[PDB]
2 protein chains.
Amino acid sequence: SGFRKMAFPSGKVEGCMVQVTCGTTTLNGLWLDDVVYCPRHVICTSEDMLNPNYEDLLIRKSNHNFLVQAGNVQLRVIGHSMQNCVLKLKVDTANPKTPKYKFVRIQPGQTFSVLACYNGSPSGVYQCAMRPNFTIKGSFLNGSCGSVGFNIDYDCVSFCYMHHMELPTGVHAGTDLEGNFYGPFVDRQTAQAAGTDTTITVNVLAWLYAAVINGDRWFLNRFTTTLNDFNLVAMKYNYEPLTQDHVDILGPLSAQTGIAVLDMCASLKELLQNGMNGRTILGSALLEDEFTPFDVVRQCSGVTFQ
Amino acid sequence: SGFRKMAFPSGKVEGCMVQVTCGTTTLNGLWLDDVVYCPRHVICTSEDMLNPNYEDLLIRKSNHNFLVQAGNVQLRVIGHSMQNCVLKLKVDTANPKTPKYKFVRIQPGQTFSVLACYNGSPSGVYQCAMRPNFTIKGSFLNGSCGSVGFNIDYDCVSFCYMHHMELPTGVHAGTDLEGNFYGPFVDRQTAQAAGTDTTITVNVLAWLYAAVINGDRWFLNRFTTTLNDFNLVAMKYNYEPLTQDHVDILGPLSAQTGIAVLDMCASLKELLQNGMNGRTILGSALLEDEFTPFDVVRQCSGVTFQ
Ligand SMILES: *[C@](O)(C(=O)NC1CC1)[C@H](CCC)NC(=O)[C@@H]1[C@H]2CCC[C@H]2CN1C(=O)[C@@H](NC(=O)[C@@H](NC(=O)c1cnccn1)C1CCCCC1)C(C)(C)C
Ligand SMILES: *[C@](O)(C(=O)NC1CC1)[C@H](CCC)NC(=O)[C@@H]1[C@H]2CCC[C@H]2CN1C(=O)[C@@H](NC(=O)[C@@H](NC(=O)c1cnccn1)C1CCCCC1)C(C)(C)C
């Protein structure tokens, strides 16, 4: 028993991190097969950042403007192309440590592990959620660009995030691995607002089920509610509205605990309107929204990976 | 910027996990050089657990009673000895993936990463603290015994914890890698109480410094206090007393922020006596005590590892 913010084991990813330098800018790249992926603003000087023309800037670069290092091994760049906001550097050595991988674009509310890196070396791993406004509340310093987020399905690594920038609010934005930003952001140094952030309701419910599985049950009540009536109270408190798809995805946790999804919603309704009144749930005095239903199943049933 | 519960990258440890079976009991082992380490109660049947005589039980076991698997490779046990509460199985193949490692015994309040495993395969990684009463608030299911906790210093892995058991309160107990339990516990199925748990004061202060570094500063005040006066208020709230050694260890964070340790104590004093009053610190409505001063420096300065 117990419940922790658990990351995926990071071994398969650690062997793919490289250091990429262009000019005076050093950041991290992702090295899979004979391609190194990295944020395209590696080619920019500080003065280009206000209004970059990346096509023109890339045309002025030659293959030997890029230094790519895998620890001690110096990779040689054979080609370079741009896909949306990511740069693809073709290299002369394929990565022997290339895992079975795919590139996926996640949806708001889903979670992933971040391997934070500096100079191509790993600093740490942590779990986060893609917020509804397409930012992430990460932990990143100067030099972390090109660090990646990922999930693991048995022996497959799904890459879903590459880090590009920090907003003045302290939150973080980046792209998928085809180079498309999550959210409305562009890689220029201009003021760009993120939407209103909302609380991920299906995840709060998942975490309440985790609490029941762990014996923390004081908040359960006799009442019941309809999906529409719940959503009316939720939207007042800046919670995402719950859909029938969400109810279905919570099915497995409902089955294991014997508590109907709409009964759990009736408990959440009371928590929102009355507060927690000095009690805690799973050691927290706030409602937690960064575990998916699948996270809870995985951690409460001990799924493993190759 | 940002602040997360960050674990160490787990790659170097993943390649050391094996599956150990004896009788109908399968759990995890740690495979370093030609030795596999595992909890000695692998040799017990359910009926032995009430009052085991481990010396006599081990004498009745032969080398071929132990099945050790590294994925597909079947290791052959050449010898077996007991060191306190850990079993050492000598094997015929040395581990090529053996990192540079040492065995250390940590002190209460220090933190480490846990690689939770089932059947020799990794499930997840998370950060925790050794509590003052020598338990840990982990996340472990049946089958997790033999999972290990560790820190990383550049290229060295320091192993500090092997998981053995769960207490009825939902918290966890285990040994160092020389087989000695943390805390007063013995590996028998009898009622055994853990001491009173207290809050790790030096870690709360470290986390308040992390909050200042991240711009969360509302709780700072003009007041000041002496170490003795602080400790009088702390002990009333079940906080560990703060020592001069703790003040020294906070030195680096004091230097970087320009806030004297005793001034931060004066802020903590007010938080304890007046509460937080609906505000949060680093997104928490509780005072967090599972980051050491070194954790904060590492995460706020981006230390990396080989
Ligand atoms: C990353 O490339 C890295 O690790 N580089 C290694 C050190 C050399 C680096 C991470 C720094 C924390 N990322 C960046 O440098 C990005 C690139 C991509 C987009 C433009 C530049 C700058 N940058 C940032 O992350 C900056 N953030 C901003 O500039 C915000 N700007 C404003 O909020 C703003 C801008 N102008 C006027 C008023 N306000 C972002 C920019 C993009 C849209 C959201 C807001 C810094 C300041 C470096 C964090
Ligand atoms: C671990 O060996 C494993 O993963 N084995 C693979 C599945 C086959 C296993 C982890 C189970 C969650 N650990 C144990 O089985 C240990 C061993 C070591 C000590 C004795 C047995 C049982 N055990 C436990 O973790 C149990 N916990 C207890 O028995 C507590 N007992 C009581 O609180 C108690 C006992 N008698 C009367 C009244 N109360 C512990 C025992 C040790 C001291 C602290 C309290 C279970 C029930 C399996 C969690």
Side-chain angles (χ1 to χ4, degrees), chain A residues 1-2 19-28 38-46 48-52 54 85 116-119 135 138 140-147 162-175 181 183-194 302, chain B residues 1-2 19-28 38-46 48-52 54 85 116-119 135 138 140-147 162-175 181 183-194 302:
Chain A
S1 73
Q19 185 189 261
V20 177
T21 302
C22 175
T24 66
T25 297
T26 288
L27 39 72
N28 308 280
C38 67
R40 72 171 169 180
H41 65 264
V42 70
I43 68 180
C44 294
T45 72
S46 62
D48 296 319
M49 293 294 198
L50 301 183
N51 188 27
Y54 285 101
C85 302
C117 296
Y118 302 87
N119 301 303
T135 59
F140 288 121
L141 310 161
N142 211 29
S144 62
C145 290
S147 307
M162 179 174 275
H163 184 48
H164 291 240
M165 51 211 217
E166 182 170 299
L167 279 56
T169 43
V171 303
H172 299 107
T175 66
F181 264 94
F185 311 104
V186 304
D187 43 3
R188 312 187 314 120
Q189 190 158 46
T190 59
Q192 294 172 50
Chain B
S1 73
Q19 185 189 261
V20 177
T21 302
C22 175
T24 66
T25 297
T26 288
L27 39 72
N28 308 280
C38 67
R40 72 171 169 180
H41 65 264
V42 70
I43 68 180
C44 294
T45 72
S46 62
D48 296 319
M49 293 294 198
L50 301 183
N51 188 27
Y54 285 101
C85 302
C117 296
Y118 302 87
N119 301 303
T135 59
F140 288 121
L141 310 161
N142 211 29
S144 62
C145 290
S147 307
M162 179 174 275
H163 184 48
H164 291 240
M165 51 211 217
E166 182 170 299
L167 279 56
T169 43
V171 303
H172 299 107
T175 66
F181 264 94
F185 311 104
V186 304
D187 43 3
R188 312 187 314 120
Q189 190 158 46
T190 59
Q192 294 172 50

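Note on naming: letters A, B, ... go to the chains in the order of the sequence lines (proteins, then strands), and numbering restarts at 1 for each one. Each ligand, and each atom within it, is numbered from 1 in the order the structure gives.
A:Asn119 is linked by a side chain to side chain donor-acceptor pair (under 3.5 Å) to nothing, counting only residues two or more places apart in sequence or in another chain. In this view, B:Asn142 satisfies the side chain to side chain donor-acceptor pair (under 3.5 Å) rule with no residue, not counting sequence neighbours. Looking at residues two or more places apart in sequence or on another chain, you find a side-chain contact (heavy atoms from CB on, under 4.5 Å) between A:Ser144 and A:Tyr118, A:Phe140, A:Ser147, A:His163.
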>> If you apply the rule ring-ring contact (aromatic ring centres under 6.0 Å, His included), what do you find for B:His164 with B:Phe185, and how did you get there?
In response: CA-CA 10 Å; B:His164 291 240; B:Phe185 311 104; over 10 Å; no
>> Would A:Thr26 and A:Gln19 count as a side chain to side chain donor-acceptor pair (under 3.5 Å) here? Give the steps.
In response: CA-CA 7 Å; A:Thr26 288; A:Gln19 185 189 261; 4.9 Å; no
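Here the side chain of A:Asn28 pairs a donor or acceptor atom with the backbone of A:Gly143 at under 3.5 angstrom.
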Go ahead and list the nitrogen or oxygen contacts between ligand 2 and the protein that come in under 3.5 Å, distances to 0.1 Å, or just say none.
from     : atom 1 : to       : atom 2 : distance (Å)
ligand 2 : 2 (O)  : B:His41  : NE2    : 2.5
ligand 2 : 4 (O)  : B:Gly143 : N      : 2.9
ligand 2 : 4 (O)  : B:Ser144 : N      : 3.3
ligand 2 : 4 (O)  : B:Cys145 : N      : 3.0
ligand 2 : 13 (N) : B:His164 : O      : 3.0
ligand 2 : 25 (O) : B:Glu166 : N      : 3.1
ligand 2 : 27 (N) : B:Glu166 : O      : 2.9
ligand 2 : 29 (O) : B:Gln189 : NE2    : 3.1

